[PDB]
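Chemist: Below is the file structure.txt, with compact mmCIF, N, CA and C atoms and all ligand atoms.
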```txt
# COMPACT_ATOMS: atom_id res chain seq x y z
N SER N 1 -85.76 183.79 67.31
CA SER N 1 -84.80 183.90 66.17
C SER N 1 -84.53 185.36 65.85
N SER N 2 -84.74 185.77 64.61
CA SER N 2 -84.58 187.15 64.18
C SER N 2 -85.76 187.51 63.29
N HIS N 3 -86.43 188.63 63.57
CA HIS N 3 -87.58 189.00 62.75
C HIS N 3 -87.34 190.29 61.96
N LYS N 4 -87.91 190.33 60.76
CA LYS N 4 -87.85 191.53 59.94
C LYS N 4 -89.12 192.35 60.20
N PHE N 5 -88.94 193.50 60.83
CA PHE N 5 -90.05 194.41 61.09
C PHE N 5 -89.97 195.56 60.09
N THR N 6 -90.93 195.62 59.18
CA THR N 6 -90.95 196.66 58.16
C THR N 6 -91.96 197.74 58.55
N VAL N 7 -91.50 198.98 58.49
CA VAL N 7 -92.35 200.13 58.80
C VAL N 7 -92.39 201.02 57.56
N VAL N 8 -93.57 201.23 57.02
CA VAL N 8 -93.70 202.13 55.88
C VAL N 8 -94.29 203.42 56.48
N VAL N 9 -93.49 204.48 56.48
CA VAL N 9 -94.00 205.78 56.93
C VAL N 9 -94.71 206.38 55.72
N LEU N 10 -96.04 206.33 55.74
CA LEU N 10 -96.82 206.74 54.59
C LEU N 10 -97.07 208.23 54.45
N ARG N 11 -97.87 208.75 55.38
CA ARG N 11 -98.30 210.14 55.31
C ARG N 11 -98.75 210.68 56.66
N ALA N 12 -98.94 212.00 56.67
CA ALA N 12 -99.51 212.65 57.84
C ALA N 12 -100.51 213.69 57.33
N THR N 13 -101.51 214.02 58.15
CA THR N 13 -102.49 215.01 57.75
C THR N 13 -102.71 215.99 58.90
N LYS N 14 -102.88 217.26 58.51
CA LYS N 14 -103.12 218.32 59.46
C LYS N 14 -102.01 218.44 60.48
N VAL N 15 -100.78 218.45 59.98
CA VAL N 15 -99.62 218.71 60.83
C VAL N 15 -99.73 220.17 61.26
N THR N 16 -99.62 220.41 62.55
CA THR N 16 -99.73 221.74 63.10
C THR N 16 -98.91 221.95 64.35
N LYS N 17 -98.47 223.20 64.57
CA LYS N 17 -97.78 223.56 65.80
C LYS N 17 -98.75 224.30 66.72
N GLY N 18 -99.98 224.48 66.27
CA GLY N 18 -100.96 225.34 66.95
C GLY N 18 -101.11 226.55 66.02
N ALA N 19 -102.12 227.37 66.26
CA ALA N 19 -102.37 228.54 65.42
C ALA N 19 -101.17 229.49 65.41
N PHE N 20 -100.67 229.86 66.58
CA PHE N 20 -99.55 230.80 66.64
C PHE N 20 -98.28 230.25 66.01
N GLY N 21 -97.92 229.01 66.35
CA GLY N 21 -96.73 228.39 65.79
C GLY N 21 -96.85 228.25 64.28
N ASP N 22 -98.01 227.83 63.79
CA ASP N 22 -98.22 227.74 62.35
C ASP N 22 -98.14 229.10 61.66
N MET N 23 -98.53 230.19 62.32
CA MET N 23 -98.42 231.50 61.69
C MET N 23 -96.95 231.91 61.65
N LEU N 24 -96.16 231.60 62.65
CA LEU N 24 -94.73 231.85 62.60
C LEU N 24 -94.09 230.98 61.52
N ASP N 25 -94.38 229.68 61.51
CA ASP N 25 -93.74 228.78 60.56
C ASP N 25 -94.62 227.61 60.15
N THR N 26 -94.99 227.50 58.88
CA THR N 26 -95.73 226.31 58.46
C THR N 26 -94.79 225.10 58.64
N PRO N 27 -95.31 224.06 59.27
CA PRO N 27 -94.53 222.86 59.52
C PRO N 27 -93.81 222.39 58.27
N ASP N 28 -92.56 221.99 58.49
CA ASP N 28 -91.64 221.39 57.52
C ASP N 28 -91.36 220.01 58.10
N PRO N 29 -92.28 219.08 57.90
CA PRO N 29 -92.23 217.80 58.54
C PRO N 29 -91.49 216.61 58.03
N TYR N 30 -91.16 215.78 59.02
CA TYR N 30 -90.51 214.50 58.79
C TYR N 30 -90.83 213.63 60.00
N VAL N 31 -90.65 212.33 59.79
CA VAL N 31 -90.85 211.34 60.82
C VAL N 31 -89.51 210.69 61.17
N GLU N 32 -89.37 210.39 62.45
CA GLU N 32 -88.18 209.73 62.98
C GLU N 32 -88.64 208.47 63.71
N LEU N 33 -87.94 207.38 63.43
CA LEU N 33 -88.19 206.08 64.01
C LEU N 33 -87.02 205.65 64.90
N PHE N 34 -87.33 204.96 65.98
CA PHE N 34 -86.29 204.48 66.88
C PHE N 34 -86.82 203.30 67.69
N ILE N 35 -86.01 202.25 67.70
CA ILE N 35 -86.28 201.03 68.43
C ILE N 35 -85.01 200.76 69.24
N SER N 36 -85.08 201.11 70.52
CA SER N 36 -83.94 201.05 71.42
C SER N 36 -83.32 199.67 71.61
N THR N 37 -84.07 198.60 71.44
CA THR N 37 -83.59 197.25 71.62
C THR N 37 -82.93 196.62 70.41
N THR N 38 -82.53 197.36 69.41
CA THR N 38 -81.84 196.88 68.22
C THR N 38 -80.78 197.93 67.88
N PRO N 39 -79.58 197.50 67.50
CA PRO N 39 -78.41 198.33 67.33
C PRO N 39 -78.53 199.67 66.67
N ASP N 40 -78.16 199.99 65.45
CA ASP N 40 -78.21 201.41 65.03
C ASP N 40 -79.52 201.70 64.31
N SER N 41 -80.62 201.66 65.06
CA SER N 41 -81.96 201.75 64.56
C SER N 41 -82.56 203.12 64.26
N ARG N 42 -82.05 204.20 64.83
CA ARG N 42 -82.64 205.51 64.61
C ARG N 42 -82.73 205.78 63.11
N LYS N 43 -83.93 205.88 62.55
CA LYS N 43 -84.07 206.11 61.11
C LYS N 43 -85.04 207.27 60.93
N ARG N 44 -85.06 207.90 59.76
CA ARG N 44 -85.99 209.01 59.54
C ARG N 44 -86.21 209.32 58.06
N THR N 45 -87.34 209.94 57.75
CA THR N 45 -87.70 210.30 56.40
C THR N 45 -87.05 211.64 56.04
N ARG N 46 -87.27 212.03 54.80
CA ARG N 46 -86.86 213.36 54.37
C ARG N 46 -87.95 214.32 54.89
N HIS N 47 -87.61 215.60 54.98
CA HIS N 47 -88.60 216.59 55.39
C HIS N 47 -89.18 217.24 54.14
N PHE N 48 -90.36 217.82 54.28
CA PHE N 48 -90.98 218.55 53.18
C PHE N 48 -91.15 220.00 53.64
N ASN N 49 -90.90 220.96 52.76
CA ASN N 49 -91.04 222.36 53.19
C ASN N 49 -92.51 222.76 53.23
N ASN N 50 -92.91 223.46 54.28
CA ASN N 50 -94.24 224.04 54.41
C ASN N 50 -95.35 223.14 53.89
N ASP N 51 -95.44 221.96 54.51
CA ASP N 51 -96.42 220.97 54.06
C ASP N 51 -97.13 220.34 55.25
N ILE N 52 -98.41 220.66 55.40
CA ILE N 52 -99.18 220.17 56.53
C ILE N 52 -99.86 218.86 56.29
N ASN N 53 -99.78 218.33 55.06
CA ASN N 53 -100.27 217.00 54.73
C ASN N 53 -99.21 216.23 53.93
N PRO N 54 -98.06 216.00 54.54
CA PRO N 54 -96.94 215.35 53.86
C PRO N 54 -97.19 213.89 53.57
N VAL N 55 -96.80 213.49 52.37
CA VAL N 55 -96.82 212.09 51.96
C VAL N 55 -95.38 211.63 51.77
N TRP N 56 -94.90 210.72 52.63
CA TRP N 56 -93.52 210.25 52.51
C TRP N 56 -93.45 208.95 51.71
N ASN N 57 -94.22 207.94 52.11
CA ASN N 57 -94.13 206.61 51.50
C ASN N 57 -92.70 206.09 51.51
N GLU N 58 -92.09 206.11 52.70
CA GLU N 58 -90.72 205.66 52.88
C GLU N 58 -90.73 204.36 53.66
N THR N 59 -89.95 203.39 53.18
CA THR N 59 -89.92 202.08 53.83
C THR N 59 -88.67 201.89 54.68
N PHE N 60 -88.87 201.43 55.91
CA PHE N 60 -87.80 201.20 56.87
C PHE N 60 -87.85 199.76 57.37
N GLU N 61 -86.66 199.19 57.52
CA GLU N 61 -86.53 197.81 57.98
C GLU N 61 -85.70 197.71 59.26
N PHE N 62 -86.21 196.96 60.21
CA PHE N 62 -85.58 196.71 61.49
C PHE N 62 -85.47 195.19 61.70
N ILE N 63 -84.27 194.76 62.06
CA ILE N 63 -84.05 193.34 62.34
C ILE N 63 -84.12 193.20 63.86
N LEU N 64 -85.16 192.55 64.34
CA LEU N 64 -85.42 192.46 65.76
C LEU N 64 -85.23 191.07 66.36
N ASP N 65 -84.96 191.12 67.66
CA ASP N 65 -84.84 189.96 68.52
C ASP N 65 -86.18 189.88 69.23
N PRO N 66 -86.89 188.77 69.01
CA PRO N 66 -88.21 188.55 69.57
C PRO N 66 -88.25 188.34 71.06
N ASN N 67 -87.13 188.27 71.75
CA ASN N 67 -87.03 188.20 73.19
C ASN N 67 -87.08 189.58 73.82
N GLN N 68 -86.76 190.61 73.03
CA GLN N 68 -86.77 191.98 73.54
C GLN N 68 -88.18 192.57 73.56
N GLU N 69 -88.40 193.55 74.43
CA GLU N 69 -89.66 194.29 74.43
C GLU N 69 -89.52 195.42 73.40
N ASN N 70 -89.66 195.08 72.13
CA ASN N 70 -89.44 196.01 71.05
C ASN N 70 -90.64 196.95 70.87
N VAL N 71 -90.33 198.21 71.12
CA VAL N 71 -91.32 199.27 70.99
C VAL N 71 -90.80 200.30 70.00
N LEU N 72 -91.56 200.45 68.92
CA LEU N 72 -91.24 201.42 67.89
C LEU N 72 -91.62 202.81 68.42
N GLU N 73 -90.63 203.69 68.49
CA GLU N 73 -90.87 205.06 68.93
C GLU N 73 -90.91 205.90 67.66
N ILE N 74 -92.05 206.53 67.46
CA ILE N 74 -92.34 207.35 66.31
C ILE N 74 -92.45 208.81 66.73
N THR N 75 -91.65 209.65 66.08
CA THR N 75 -91.68 211.07 66.37
C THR N 75 -91.96 211.87 65.10
N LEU N 76 -92.99 212.69 65.16
CA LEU N 76 -93.37 213.61 64.11
C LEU N 76 -92.55 214.90 64.36
N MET N 77 -91.69 215.24 63.41
CA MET N 77 -90.80 216.37 63.58
C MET N 77 -91.05 217.48 62.57
N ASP N 78 -90.66 218.68 62.98
CA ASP N 78 -90.66 219.86 62.14
C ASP N 78 -89.19 220.29 61.96
N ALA N 79 -88.76 220.31 60.71
CA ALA N 79 -87.40 220.75 60.38
C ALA N 79 -87.27 222.26 60.55
N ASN N 80 -86.39 222.71 61.43
CA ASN N 80 -86.19 224.13 61.68
C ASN N 80 -84.73 224.51 61.45
N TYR N 81 -84.44 225.81 61.33
CA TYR N 81 -83.07 226.24 61.07
C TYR N 81 -82.15 226.04 62.26
N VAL N 82 -82.66 226.21 63.48
CA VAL N 82 -81.79 226.09 64.65
C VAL N 82 -82.05 224.79 65.38
N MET N 83 -83.31 224.47 65.66
CA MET N 83 -83.61 223.24 66.36
C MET N 83 -84.97 222.68 65.93
N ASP N 84 -84.90 221.51 65.32
CA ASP N 84 -86.07 220.78 64.89
C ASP N 84 -87.02 220.61 66.07
N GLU N 85 -88.31 220.82 65.86
CA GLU N 85 -89.28 220.71 66.94
C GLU N 85 -90.03 219.38 66.89
N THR N 86 -90.19 218.77 68.06
CA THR N 86 -90.95 217.52 68.10
C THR N 86 -92.41 217.89 68.30
N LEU N 87 -93.23 217.64 67.28
CA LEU N 87 -94.64 217.95 67.29
C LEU N 87 -95.43 216.85 67.98
N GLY N 88 -94.83 215.67 68.13
CA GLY N 88 -95.49 214.56 68.80
C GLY N 88 -94.65 213.28 68.79
N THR N 89 -94.97 212.42 69.75
CA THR N 89 -94.35 211.13 69.95
C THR N 89 -95.38 210.02 70.16
N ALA N 90 -95.18 208.92 69.44
CA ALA N 90 -96.06 207.77 69.58
C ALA N 90 -95.21 206.52 69.74
N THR N 91 -95.81 205.51 70.37
CA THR N 91 -95.11 204.25 70.57
C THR N 91 -95.94 203.13 69.95
N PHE N 92 -95.26 202.17 69.34
CA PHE N 92 -95.94 201.00 68.78
C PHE N 92 -95.22 199.75 69.32
N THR N 93 -95.94 199.03 70.16
CA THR N 93 -95.34 197.82 70.74
C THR N 93 -95.46 196.69 69.74
N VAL N 94 -94.34 196.24 69.19
CA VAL N 94 -94.33 195.22 68.15
C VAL N 94 -94.98 193.91 68.57
N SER N 95 -95.04 193.59 69.85
CA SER N 95 -95.74 192.45 70.40
C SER N 95 -97.15 192.29 69.86
N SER N 96 -97.89 193.37 69.69
CA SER N 96 -99.21 193.42 69.12
C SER N 96 -99.31 192.83 67.72
N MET N 97 -98.22 192.76 66.98
CA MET N 97 -98.19 192.17 65.66
C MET N 97 -97.67 190.73 65.75
N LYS N 98 -98.05 189.90 64.80
CA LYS N 98 -97.58 188.52 64.76
C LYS N 98 -96.87 188.26 63.43
N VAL N 99 -95.91 187.34 63.43
CA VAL N 99 -95.22 187.04 62.18
C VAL N 99 -96.25 186.76 61.09
N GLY N 100 -96.02 187.28 59.90
CA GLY N 100 -96.94 187.09 58.79
C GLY N 100 -97.93 188.23 58.65
N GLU N 101 -98.25 188.93 59.73
CA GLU N 101 -99.18 190.04 59.71
C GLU N 101 -98.58 191.30 59.10
N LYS N 102 -99.47 192.05 58.48
CA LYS N 102 -99.19 193.31 57.81
C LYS N 102 -100.42 194.20 57.98
N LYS N 103 -100.27 195.33 58.67
CA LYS N 103 -101.41 196.18 58.95
C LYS N 103 -101.09 197.67 58.95
N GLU N 104 -102.17 198.44 58.77
CA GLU N 104 -102.09 199.89 58.78
C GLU N 104 -102.36 200.37 60.20
N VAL N 105 -101.39 201.08 60.76
CA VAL N 105 -101.59 201.70 62.06
C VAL N 105 -101.50 203.22 61.97
N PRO N 106 -102.64 203.86 62.14
CA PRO N 106 -102.72 205.32 62.19
C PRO N 106 -102.44 205.79 63.61
N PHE N 107 -101.68 206.86 63.77
CA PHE N 107 -101.42 207.44 65.07
C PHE N 107 -101.99 208.86 65.02
N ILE N 108 -102.60 209.29 66.11
CA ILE N 108 -103.15 210.63 66.20
C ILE N 108 -102.30 211.41 67.21
N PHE N 109 -101.74 212.52 66.77
CA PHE N 109 -100.95 213.38 67.63
C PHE N 109 -101.74 214.63 67.97
N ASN N 110 -101.86 214.88 69.28
CA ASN N 110 -102.52 216.05 69.84
C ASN N 110 -104.00 216.10 69.52
N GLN N 111 -104.60 214.95 69.22
CA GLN N 111 -105.98 214.79 68.81
C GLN N 111 -106.35 215.54 67.54
N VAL N 112 -105.39 215.93 66.73
CA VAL N 112 -105.54 216.74 65.54
C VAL N 112 -104.84 216.14 64.33
N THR N 113 -103.56 215.80 64.43
CA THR N 113 -102.81 215.39 63.25
C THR N 113 -102.75 213.89 63.15
N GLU N 114 -103.08 213.36 61.96
CA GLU N 114 -103.04 211.92 61.78
C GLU N 114 -101.79 211.49 61.02
N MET N 115 -101.08 210.49 61.52
CA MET N 115 -99.91 209.97 60.84
C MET N 115 -100.17 208.49 60.57
N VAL N 116 -100.07 208.10 59.31
CA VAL N 116 -100.38 206.72 58.96
C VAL N 116 -99.15 205.90 58.64
N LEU N 117 -99.03 204.78 59.33
CA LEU N 117 -97.94 203.84 59.13
C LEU N 117 -98.48 202.46 58.76
N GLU N 118 -97.73 201.78 57.91
CA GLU N 118 -98.00 200.38 57.62
C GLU N 118 -96.89 199.50 58.18
N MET N 119 -97.26 198.60 59.08
CA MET N 119 -96.33 197.69 59.72
C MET N 119 -96.38 196.28 59.14
N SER N 120 -95.22 195.65 58.99
CA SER N 120 -95.11 194.27 58.59
C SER N 120 -94.11 193.50 59.46
N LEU N 121 -94.50 192.29 59.85
CA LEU N 121 -93.64 191.44 60.65
C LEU N 121 -93.45 190.09 59.96
N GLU N 122 -92.20 189.76 59.71
CA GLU N 122 -91.78 188.52 59.09
C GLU N 122 -90.65 187.90 59.92
N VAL N 123 -90.43 186.61 59.71
CA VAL N 123 -89.39 185.83 60.37
C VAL N 123 -88.03 186.04 59.72
N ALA N 124 -88.00 186.58 58.53
CA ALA N 124 -86.85 186.81 57.70
C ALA N 124 -85.45 186.88 58.31
N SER N 125 -84.54 186.40 57.46
CA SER N 125 -83.10 186.42 57.56
C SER N 125 -82.56 185.78 56.27
N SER N 126 -82.72 186.51 55.18
CA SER N 126 -82.30 186.09 53.85
C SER N 126 -81.20 185.04 53.86
CA CA N 201 -91.81 226.08 57.23
CA CA N 202 -89.96 224.45 60.58
```
Could you spell out this file's structure in structure tokens?

Modeler:
Amino acid sequence: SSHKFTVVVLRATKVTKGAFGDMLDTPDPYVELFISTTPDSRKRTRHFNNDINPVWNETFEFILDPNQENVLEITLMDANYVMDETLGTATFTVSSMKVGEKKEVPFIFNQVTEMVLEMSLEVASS
């Protein structure tokens, strides 16, 4: 049928570009979501200036087809003046979740920065 996949982009901790990159520019972070198997899905949070432990608490909704191999692509970004830098990329295969389930999935980027997401899967179609 059609499922409502809710992603709450909660927070990240110890966002870093490395020692040198952080001395040039303290990360100005945001998260970007993308699920290629659903129409205009690219979504993203607001960025925070010079914040290595950003708290977004932003809720995103994706209407998915359960026949597709739906993989949530999560990118931790740094807002820059010329070109935003991708500090890391994670994938979340929605198959791992079942309708009715709601769970916290933490992702670790570069074995240093933790990004916490809350996922929810429902059968929904109001
Ligand atoms: Ca900055
Ligand atoms: Ca920046």

Chemist: Restricting the calculation to only C-alpha atoms: of N:70, N:45, N:126, N:120, which residue gets closest to residue 6 in chain N?

Modeler: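 When distances to residue 6 in chain N are compared using only C-alpha atoms, the smallest one comes from N:120.
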
Chemist: Counting all atoms listed in the file, which protein, DNA or RNA residues come within 7 Å of ligand CA 201 (chain N), given as a list in words?

Modeler: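 Here is the list of contacting residues: residues 24, 25, 26, 27, 28, 49, 50, 51 and 79 of chain N.
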
Chemist: Compute the distance from (-91.8, 185.1, 56.6) to each atom, counting all atoms listed in the file, keep the residues with any atom at most 5 Å away, and return them as a ChimeraX atom specification; use the coordinates of the file.

Modeler: /N:122-124

Chemist: Pull N, CA and C atoms from the residues just selected and write them as a PDB file, in the frame of the given file.

Modeler:
```pdb
ATOM      1  N   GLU N 122     -92.200 189.760  59.710  1.00  0.00           N
ATOM      2  CA  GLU N 122     -91.780 188.520  59.090  1.00  0.00           C
ATOM      3  C   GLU N 122     -90.650 187.900  59.920  1.00  0.00           C
ATOM      4  N   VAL N 123     -90.430 186.610  59.710  1.00  0.00           N
ATOM      5  CA  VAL N 123     -89.390 185.830  60.370  1.00  0.00           C
ATOM      6  C   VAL N 123     -88.030 186.040  59.720  1.00  0.00           C
ATOM      7  N   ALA N 124     -88.000 186.580  58.530  1.00  0.00           N
ATOM      8  CA  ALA N 124     -86.850 186.810  57.700  1.00  0.00           C
ATOM      9  C   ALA N 124     -85.450 186.880  58.310  1.00  0.00           C
TER      10      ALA N 124
END
```

Chemist: For ligand CA 202 (chain N), which residue among N:90, N:117, N:77, N:105 is the nearest when counting all atoms listed in the file?

Modeler: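 Smallest separation from ligand CA 202 (chain N) among the options: N:77.
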
Chemist: Out of N:80, N:110, N:1, N:53, which residue has the shortest atom-to-atom distance to ligand CA 202 (chain N) when counting only N, CA and C atoms and all ligand atoms?

Modeler: N:80

Chemist: What does the structure give for the distance between CA of residue 118 in chain N and atom C of residue 8 in chain N, in Å to one decimal?

Modeler: 4.9 Å

Chemist: Would you kindly identify which residues have an atom no farther than 10 Å from (-84.0, 191.3, 67.6), using only C-alpha atoms and the file's own coordinates, and write them out as a PyMOL selection string?

Modeler: chain N and resi 1-5+37-39+62-70

Chemist: If you count only N, CA and C atoms, which residues fall within 8 Å of residue 31 in chain N, apart from same-chain ones fewer than 6 positions away, as a PyMOL selection string?

Modeler: chain N and resi 9+43-48+74-78

Chemist: Please give the complete set of residues from range 21-89 of chain N that DSSP, run on the backbone, assigns to helix (DSSP H, G or I), formatted as a ChimeraX atom specification.

Modeler: /N:21-24

Chemist: Neighbouring residues of residue 113 in chain N were defined as those with any atom within 8 Å, considering all atoms listed in the file; residues of the same chain fewer than 6 positions away were excluded. Please report them as a short mmCIF file (atom, residue, chain, number, x, y, z; two decimals) with N, CA and C atoms, in the coordinates of the input.

Modeler:
```cif
data_model
loop_
_atom_site.label_atom_id
_atom_site.label_comp_id
_atom_site.auth_asym_id
_atom_site.auth_seq_id
_atom_site.Cartn_x
_atom_site.Cartn_y
_atom_site.Cartn_z
N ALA N 12 -98.94 212.00 56.67
CA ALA N 12 -99.51 212.65 57.84
C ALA N 12 -100.51 213.69 57.33
N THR N 13 -101.51 214.02 58.15
CA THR N 13 -102.49 215.01 57.75
C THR N 13 -102.71 215.99 58.90
N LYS N 14 -102.88 217.26 58.51
CA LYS N 14 -103.12 218.32 59.46
C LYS N 14 -102.01 218.44 60.48
N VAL N 15 -100.78 218.45 59.98
CA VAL N 15 -99.62 218.71 60.83
C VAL N 15 -99.73 220.17 61.26
N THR N 16 -99.62 220.41 62.55
CA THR N 16 -99.73 221.74 63.10
C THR N 16 -98.91 221.95 64.35
N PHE N 107 -101.68 206.86 63.77
CA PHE N 107 -101.42 207.44 65.07
C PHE N 107 -101.99 208.86 65.02
#
```

Chemist: Determine the nearest neighbour of residue 72 in chain N from the options N:59, N:7, N:40, N:88, counting only C-alpha atoms.

Modeler: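 Closest to residue 72 in chain N of all the choices is N:7.
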
Chemist: Please measure the separation of CA of residue 22 in chain N and atom C of residue 92 in chain N, giving the value in Å to one decimal.

Modeler: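 Value for the CA of residue 22 in chain N-atom C of residue 92 in chain N distance: 29.0 Å.
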
Chemist: As an exercise, work out the distance from atom N of residue 17 in chain N to atom N of residue 54 in chain N in Å and give it to one decimal place.

Modeler: 12.4 Å

Chemist: Please, which residues of chain N, numbered as in this document, come out strand (DSSP E or B) from DSSP, as a ChimeraX atom specification?

Modeler: /N:3-13,29-34,43-44,55-64,71-78,85-93,102-109,113-122

Chemist: Tell me which of N:71, N:115, N:83, N:35 sits closest to ligand CA 202 (chain N), counting only C-alpha atoms and all ligand atoms.

Modeler: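 Selected residue with least distance to ligand CA 202 (chain N): N:83.
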
Chemist: Counting all atoms listed in the file, which residue out of N:114, N:32, N:85, N:101 sits closest to ligand CA 202 (chain N)?

Modeler: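 Residue with the minimum atom-to-atom distance to ligand CA 202 (chain N): N:85.
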
Chemist: Give, as JSON, the centre coordinates and the x, y and z edge lengths in Å to one decimal for an axis-aligned box around all listed atoms of range 57-73 of chain N, padded by 5 Å on each side.

Modeler:
```
{"center_x": -89.1, "center_y": 198.1, "center_z": 63.0, "size_x": 20.2, "size_y": 29.7, "size_z": 32.9}
```

Chemist: Is it possible to add N, CA, C and O atoms to range 23-41 of chain N and hand it back as a short mmCIF file (atom, residue, chain, number, x, y, z; two decimals), keeping the file's coordinate frame?

Modeler:
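Below is the file that was written, out-v4.cif:
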```cif
data_model
loop_
_atom_site.label_atom_id
_atom_site.label_comp_id
_atom_site.auth_asym_id
_atom_site.auth_seq_id
_atom_site.Cartn_x
_atom_site.Cartn_y
_atom_site.Cartn_z
N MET N 23 -98.53 230.19 62.32
CA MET N 23 -98.42 231.50 61.69
C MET N 23 -96.95 231.91 61.65
O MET N 23 -96.52 232.46 60.64
N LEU N 24 -96.16 231.60 62.65
CA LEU N 24 -94.73 231.85 62.60
C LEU N 24 -94.09 230.98 61.52
O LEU N 24 -93.34 231.51 60.69
N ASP N 25 -94.38 229.68 61.51
CA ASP N 25 -93.74 228.78 60.56
C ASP N 25 -94.62 227.61 60.15
O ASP N 25 -94.95 226.78 61.01
N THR N 26 -94.99 227.50 58.88
CA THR N 26 -95.73 226.31 58.46
C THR N 26 -94.79 225.10 58.64
O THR N 26 -93.62 225.10 58.25
N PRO N 27 -95.31 224.06 59.27
CA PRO N 27 -94.53 222.86 59.52
C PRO N 27 -93.81 222.39 58.27
O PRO N 27 -94.31 222.30 57.14
N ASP N 28 -92.56 221.99 58.49
CA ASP N 28 -91.64 221.39 57.52
C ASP N 28 -91.36 220.01 58.10
O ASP N 28 -90.35 219.79 58.78
N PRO N 29 -92.28 219.08 57.90
CA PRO N 29 -92.23 217.80 58.54
C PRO N 29 -91.49 216.61 58.03
O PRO N 29 -91.25 216.39 56.86
N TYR N 30 -91.16 215.78 59.02
CA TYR N 30 -90.51 214.50 58.79
C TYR N 30 -90.83 213.63 60.00
O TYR N 30 -91.31 214.09 61.03
N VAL N 31 -90.65 212.33 59.79
CA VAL N 31 -90.85 211.34 60.82
C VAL N 31 -89.51 210.69 61.17
O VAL N 31 -88.68 210.41 60.31
N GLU N 32 -89.37 210.39 62.45
CA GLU N 32 -88.18 209.73 62.98
C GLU N 32 -88.64 208.47 63.71
O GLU N 32 -89.61 208.47 64.47
N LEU N 33 -87.94 207.38 63.43
CA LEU N 33 -88.19 206.08 64.01
C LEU N 33 -87.02 205.65 64.90
O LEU N 33 -85.87 205.91 64.58
N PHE N 34 -87.33 204.96 65.98
CA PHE N 34 -86.29 204.48 66.88
C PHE N 34 -86.82 203.30 67.69
O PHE N 34 -87.90 203.35 68.26
N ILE N 35 -86.01 202.25 67.70
CA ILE N 35 -86.28 201.03 68.43
C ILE N 35 -85.01 200.76 69.24
O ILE N 35 -84.00 200.29 68.74
N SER N 36 -85.08 201.11 70.52
CA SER N 36 -83.94 201.05 71.42
C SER N 36 -83.32 199.67 71.61
O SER N 36 -82.13 199.58 71.90
N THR N 37 -84.07 198.60 71.44
CA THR N 37 -83.59 197.25 71.62
C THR N 37 -82.93 196.62 70.41
O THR N 37 -82.77 195.40 70.42
N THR N 38 -82.53 197.36 69.41
CA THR N 38 -81.84 196.88 68.22
C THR N 38 -80.78 197.93 67.88
O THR N 38 -81.01 199.13 68.07
N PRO N 39 -79.58 197.50 67.50
CA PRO N 39 -78.41 198.33 67.33
C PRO N 39 -78.53 199.67 66.67
O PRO N 39 -78.84 200.59 67.46
N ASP N 40 -78.16 199.99 65.45
CA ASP N 40 -78.21 201.41 65.03
C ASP N 40 -79.52 201.70 64.31
O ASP N 40 -79.57 201.94 63.11
N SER N 41 -80.62 201.66 65.06
CA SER N 41 -81.96 201.75 64.56
C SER N 41 -82.56 203.12 64.26
O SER N 41 -83.57 203.15 63.54
#
```
